[PDB]
Each structure stands twice: as C-alpha cells, then as structure tokens.
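Just one chain follows, in the form deposited in one PDB entry, and it is written as structure tokens.
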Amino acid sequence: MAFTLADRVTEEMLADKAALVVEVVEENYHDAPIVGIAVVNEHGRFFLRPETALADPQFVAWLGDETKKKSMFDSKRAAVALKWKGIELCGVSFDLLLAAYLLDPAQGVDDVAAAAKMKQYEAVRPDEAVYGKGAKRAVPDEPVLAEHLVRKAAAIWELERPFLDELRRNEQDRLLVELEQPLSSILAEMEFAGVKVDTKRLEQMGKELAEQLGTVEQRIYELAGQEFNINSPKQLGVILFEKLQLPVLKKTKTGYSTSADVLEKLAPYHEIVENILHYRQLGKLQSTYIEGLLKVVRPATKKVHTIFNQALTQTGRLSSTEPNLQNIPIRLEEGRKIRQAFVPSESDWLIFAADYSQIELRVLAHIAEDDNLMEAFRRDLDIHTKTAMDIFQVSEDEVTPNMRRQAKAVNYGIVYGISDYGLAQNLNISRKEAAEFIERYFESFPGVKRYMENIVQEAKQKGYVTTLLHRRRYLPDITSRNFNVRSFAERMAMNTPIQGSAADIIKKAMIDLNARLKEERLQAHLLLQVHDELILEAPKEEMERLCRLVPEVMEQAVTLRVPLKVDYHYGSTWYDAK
C-alpha cells in the first residue's frame, strides 16, 4: 500500500471528503499526545507529523470546516485530544466505531481491525499488534507507525459504504447519523469541560473517615476476639464460619460467601456482621470516592474529566471511567455527602439536576401495552403503591411503607426477570409468598406477562431484540437446550428493549437539549449523564429558564403511550441539587 510520508501540508490533502486518523495511543486521551496523523482521500494517502499539521493554518482550517467531511474511528477521542490543543474538529460524517457498535455490541469492537473483521477486510493490523500490550506498549519507529495509521485510514475509507449499507438494512442508519454521531460531539464537550471539585472538602472528609475506619476496625477485632484483614473475604470467611461457626448460607466457586445479602441474613446470630457491613461501606468511600477521586483531579484547575464510553454496553447505555462519575454515592447520608464536593466551575453558577421518574416502568407500560399499567401512569398514580394494593390485596390506606418497598422490589424485579427465589432472597421473605407476589403481579398486569412471552418468542425467531429507536442486541443463546444459559438469554430478551429504549430516549433528549441551549444563547451546559438523569451547571440567573426548558425537552424527546415525567432541582453543589 503506497502512501506519502509528507513534510508539509498540501492542497490535495484538504479535499472535501477524507478518511482521517488523529492517533492518540494513551488509553485516557485527556491532555494526551497525538503521535501521528493520516489522511486518505480521492487524491492519495498521506502521513503527517503532528508538529507540522497542527501548526499549519490551512490544515487546522480544514479540520474545523464542517463542510469538509471526515470519516473516522472514535472521533470523540480525536476531538477531545485536539480540544486540549485548542483545535476544533468539525464535519465528522461517519464514525466506524459507533457504526460497528450499532451493528453488534457483543463483538466488543475497539479498534479498526476488529471493525474491519466484520466485513472480512484484512489489509490492516490490530492496534495491540503494533503498539504492544501492558508494560510493553510503545509507539514504533516512524515508518512502522506511518504505515499503520495510513492502513487504518484506508480501512475507514473502504469500509464506510459497506457499514452504511448494513445499517440501512437494520433500519439503523438514522440511529447512527442523527443520534449517536451528534451525541458523540456533545459528550466530547462534556468530558473536556469537566466537573469542578472542592478538594479541600474531600481531604477533610478523608481525614475524618480515616479516624472512623480505625475505630470501627478495632471494634470489629474486639467482637471477633482476633485481628484479621476485614477487606479479605477469604480471611473474613474463616472468622465468620470457622471461628464464630456461623451458618453457611451460600458458597461461591472459591469458598464461603460474605456478600452483603449473606451478612444481613446472619444478623440474628452475631452483631459483628452489622459492624463489618459498615466498615466495608466506609472503606469503599475512602478508597474510591476520596483517595481514588483525588488521584484523578487535575490539580491546577481542580477539575475531573471522565470519559464516557459510548461503544461498550450491550443495551445502548453509556459508561463512565477514570473516574466513574455515574456511581457517586447517594443512598446513605454519610456517602451522599461526597456530592458536596462537586461544585460549579464559575463563581455564582449553580448545579441543576433533572431526572426521569421511573422511565423503565413507563417504557414497560408502552411496550407491553398493558391497560392497567398504562392507566396508572396516564393518571400519575403511585405505581409502587398500586402494585402493593395488588400483591397484598388491600386498599390504598392499608399500604405500609414496607409494603410499598416490597412492591417496589417486585416492580423493578419483574423488569429484570427475577425469580421467586431471587425475590425471596432480596426481601428476606418466605419463597412461597414471593411466588404469590409474582403470580399476583402478572394476574394484575396481564399485558406484561404477554409481553414477556412474546419478546422471548420474537428473540427465538429473529435471533435478536430491538429498542424504540432500532438499537439491537443479538441473543444466540435463546434456543439453548441448557436451562441456565437459555434462561439468562430469556431475561436479556425481556429487559434489553426496556433498558435500551430508555437509553435511546435520554440520548435524544441530550441532543434536543443542546440544540435549545445554543438556540437561546444560554451559558448553561451539560456536565454529566447518569443513565436517567442529566446534570448541568449555569449562571444563577439561568435557573428560572432551565426549570422550564430542561424538563420540557426531556419529557418531549419521544412520544410514548404514557407520559414521561421529569423531576428537577438546583443548588450550590450536586449534593444540594436535591
């Protein structure tokens, strides 16, 4: 494969259609080096050194010109890496990573070679082959690097049409071009903006937490009558089941279980298990949300810059890494206070948080076309209280807080394919009763039962299931004669259209929201998405408008057979936006 190793940018490299590689080898691309550039177009194939291309006003103009279309793989990586250099990338019309992800998330495509494999294209090497793995990872000699980048660009160039053609067959071309690609740009902005952190506050919490860990730790040793590593499920298992001779409720492949659910069930036998649960909760707060967070905060700006992986989950959700900002504590007050350290990036700005209320159950209502479930949402009746009246068979006045919590476990459990065994274990109730709850639920919501039957049948017949905006998940195990394997696939068939349609909806909402913010020239911008919620920051003056704009855009992103409902709060910190 012939290419030019160019010393300067020329006009023919700046055609209005090109495959473009802007190579960043560090896995975390924030403020990461760009090691090489390749361009393939109608005129030839070119390798450029970054020092050259990125200092060249004409190349930089071309990068930022939206009418000059680029085909890429992982354009968000390149866009953010370029942002850290103050260079804008526009005109990305095809992203091979996102295309491959839509065609089959299970393939785990994460380099051009793996995408190319999908079309039996082999004139390109895997990145790991060129760079090496782990401690061996290195950028090779220029001629080797240059050929690799050029070959990746040529693969993207040749693969665009084949991938677009299959997406069109799957009814997924608009999902790529109107949803995932625009979202990629929005996520790039979110990651690059980052979220500001009050490190003084975290360091203080950390100091206090260290004190408390020491106290809980020593009390646990007193209760155990021995010192041991409480963070070692192995050592803990000996203490609990050999020394204290507590009952063994569950084993894993390696030994005794010490899961939270097991320890809770052991509470009637020894008080030490409650202390241990507390200690493990505190230790995670310290290790992860204090120490781990502080490790990744950029010290001069005090911002953290997560990476949203847009091409990983099997259902169409995002994930968040380094750090994960989608699992910041909220359920326990001690941990929830971590959110006090997430603050606005400017003076006199505020945090604004908006979340869909029960979007999975509303989606289930839509997809199952269950009259009773649809009517509950159409009239905004409390769905957990409704299910309680049904499973316990009482009037609304007789529903206690605990009954509602159990009904809630039923409501979400059904969505995730729970068995009577799993429900009984989660609620710690008789399995006979758990089975009755499930039987009563399906008697009350017969449309949901038909849905579960139908979607498993569809998966068996077609080999995959689909979401509202035509995302797909293949389920080859659905016809397995093996009960365990088939059962897991049946649960995925039931759940994926629900979880995945919910992901589709919030993604479309982010695009519609961005458009409106820019339309109204507001300074407000997105910081985070947490599956069914959106977190923004804005100058305090803009709260009144956002209180109207954000929930309307979210509720109207798609139109279902039941309303969507969005709650919203704002405050001086993420904690206070409650």
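Counting begins at 1, following the sequence as shown.
Beyond the structure shown, there is the form deposited in another entry, which is absent from this document and is the topic of what follows.
The residue from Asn402, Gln212, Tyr416, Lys540 that marks the hinge of the rigid-body rotation between this form and the one not shown is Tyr416, the others lying more than 12 positions from any hinge. A shift of at least 3 angstroms brings the Cα atoms of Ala388 and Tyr568 nearer to each other in the other entry than in the displayed structure.
Annotation: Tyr568/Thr385 CA-CA distance shorter in the other entry than in the displayed model, change of at least 3 Å.
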